[PDB]
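Visitor: Would you mind keeping the following structure in view while I ask a few things?
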Amino acid sequence: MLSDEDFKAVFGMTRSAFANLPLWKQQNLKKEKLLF
């Protein structure tokens with residue numbers, strides 16, 4: 001669906017620094033841009 005490197009491309013920010021947070025916060029990010 002999306003390469004590991006592409007993850008940082010879609011995220012927009014350092015996936016490493018963002019990964020420091022729980023997936024709970026990721027639920028919003030996906031809605032901010034992605035759809036599902």
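Following the order of the structure tokens, first chain is A, next is B, and so on, with residues numbered from 1 inside each chain and ligands from 1 in the order they appear.
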Show which residues sit within 12 Å of range 17-23 of chain A, as a list in words. Count only C-alpha atoms, and ignore same-chain residues fewer than 6 positions away.
Guide: residues 7, 8, 11, 29 and 30 of chain A
Visitor: Give me every alpha helix (DSSP H) residue in chain A, going by DSSP on the backbone, as a JSON list (two decimals) with N, CA, C and O atoms, in the first residue's frame.
Guide:
[["chain", "number", "residue", "atom", "x", "y", "z"],
["A", 4, "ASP", "N", 7.92, 1.90, 3.14],
["A", 4, "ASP", "CA", 8.35, 2.47, 4.42],
["A", 4, "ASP", "C", 8.88, 3.89, 4.23],
["A", 4, "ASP", "O", 8.63, 4.76, 5.06],
["A", 5, "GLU", "N", 9.61, 4.10, 3.14],
["A", 5, "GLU", "CA", 10.17, 5.41, 2.85],
["A", 5, "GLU", "C", 9.08, 6.40, 2.45],
["A", 5, "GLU", "O", 9.15, 7.59, 2.78],
["A", 6, "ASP", "N", 8.07, 5.91, 1.74],
["A", 6, "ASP", "CA", 6.97, 6.75, 1.29],
["A", 6, "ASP", "C", 6.16, 7.26, 2.48],
["A", 6, "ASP", "O", 5.49, 8.29, 2.40],
["A", 7, "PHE", "N", 6.24, 6.54, 3.60],
["A", 7, "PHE", "CA", 5.52, 6.92, 4.81],
["A", 7, "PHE", "C", 5.86, 8.35, 5.22],
["A", 7, "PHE", "O", 4.98, 9.15, 5.54],
["A", 8, "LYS", "N", 7.15, 8.67, 5.21],
["A", 8, "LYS", "CA", 7.62, 10.00, 5.58],
["A", 8, "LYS", "C", 7.23, 11.02, 4.52],
["A", 8, "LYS", "O", 7.14, 12.22, 4.80],
["A", 9, "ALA", "N", 6.99, 10.55, 3.30],
["A", 9, "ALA", "CA", 6.61, 11.43, 2.20],
["A", 9, "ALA", "C", 5.18, 11.93, 2.37],
["A", 9, "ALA", "O", 4.89, 13.10, 2.14],
["A", 10, "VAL", "N", 4.29, 11.03, 2.77],
["A", 10, "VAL", "CA", 2.89, 11.38, 2.97],
["A", 10, "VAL", "C", 2.68, 12.09, 4.31],
["A", 10, "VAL", "O", 1.89, 13.02, 4.41],
["A", 11, "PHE", "N", 3.41, 11.64, 5.33],
["A", 11, "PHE", "CA", 3.31, 12.24, 6.65],
["A", 11, "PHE", "C", 3.66, 13.72, 6.62],
["A", 11, "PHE", "O", 3.01, 14.54, 7.26],
["A", 15, "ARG", "N", 8.90, 11.02, 10.19],
["A", 15, "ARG", "CA", 8.15, 9.87, 10.68],
["A", 15, "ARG", "C", 8.78, 9.33, 11.97],
["A", 15, "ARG", "O", 8.09, 8.73, 12.80],
["A", 16, "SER", "N", 10.08, 9.54, 12.12],
["A", 16, "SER", "CA", 10.80, 9.07, 13.30],
["A", 16, "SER", "C", 10.35, 9.83, 14.54],
["A", 16, "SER", "O", 10.11, 9.24, 15.59],
["A", 17, "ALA", "N", 10.25, 11.15, 14.42],
["A", 17, "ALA", "CA", 9.83, 11.99, 15.53],
["A", 17, "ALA", "C", 8.35, 11.82, 15.83],
["A", 17, "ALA", "O", 7.92, 11.89, 16.98],
["A", 18, "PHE", "N", 7.56, 11.60, 14.78],
["A", 18, "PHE", "CA", 6.12, 11.42, 14.92],
["A", 18, "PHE", "C", 5.80, 10.03, 15.48],
["A", 18, "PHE", "O", 4.87, 9.87, 16.27],
["A", 23, "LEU", "N", -0.48, 5.40, 18.13],
["A", 23, "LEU", "CA", -1.29, 5.37, 16.92],
["A", 23, "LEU", "C", -2.59, 6.14, 17.11],
["A", 23, "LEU", "O", -3.24, 6.53, 16.14],
["A", 24, "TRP", "N", -2.96, 6.36, 18.37],
["A", 24, "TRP", "CA", -4.18, 7.10, 18.69],
["A", 24, "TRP", "C", -4.19, 8.46, 18.01],
["A", 24, "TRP", "O", -5.22, 8.89, 17.48],
["A", 25, "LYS", "N", -3.05, 9.13, 18.02],
["A", 25, "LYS", "CA", -2.93, 10.45, 17.41],
["A", 25, "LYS", "C", -2.88, 10.34, 15.89],
["A", 25, "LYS", "O", -3.22, 11.28, 15.18],
["A", 26, "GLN", "N", -2.47, 9.17, 15.40],
["A", 26, "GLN", "CA", -2.38, 8.94, 13.96],
["A", 26, "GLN", "C", -3.77, 8.85, 13.34],
["A", 26, "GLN", "O", -3.95, 9.10, 12.15],
["A", 27, "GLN", "N", -4.76, 8.51, 14.16],
["A", 27, "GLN", "CA", -6.14, 8.39, 13.68],
["A", 27, "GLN", "C", -6.63, 9.72, 13.12],
["A", 27, "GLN", "O", -7.46, 9.75, 12.21],
["A", 28, "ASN", "N", -6.13, 10.82, 13.67],
["A", 28, "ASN", "CA", -6.52, 12.15, 13.22],
["A", 28, "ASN", "C", -5.75, 12.55, 11.97],
["A", 28, "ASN", "O", -6.32, 13.09, 11.03],
["A", 29, "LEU", "N", -4.44, 12.28, 11.98],
["A", 29, "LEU", "CA", -3.59, 12.62, 10.84],
["A", 29, "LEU", "C", -4.14, 12.02, 9.55],
["A", 29, "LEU", "O", -4.18, 12.68, 8.52],
["A", 30, "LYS", "N", -4.56, 10.76, 9.62],
["A", 30, "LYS", "CA", -5.12, 10.07, 8.46],
["A", 30, "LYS", "C", -6.36, 10.79, 7.94],
["A", 30, "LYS", "O", -6.61, 10.82, 6.74],
["A", 31, "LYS", "N", -7.13, 11.36, 8.86],
["A", 31, "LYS", "CA", -8.35, 12.08, 8.49],
["A", 31, "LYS", "C", -8.02, 13.47, 7.98],
["A", 31, "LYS", "O", -8.78, 14.05, 7.20],
["A", 32, "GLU", "N", -6.88, 14.01, 8.41],
["A", 32, "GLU", "CA", -6.45, 15.34, 7.99],
["A", 32, "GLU", "C", -6.15, 15.37, 6.49],
["A", 32, "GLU", "O", -6.42, 16.36, 5.82]]
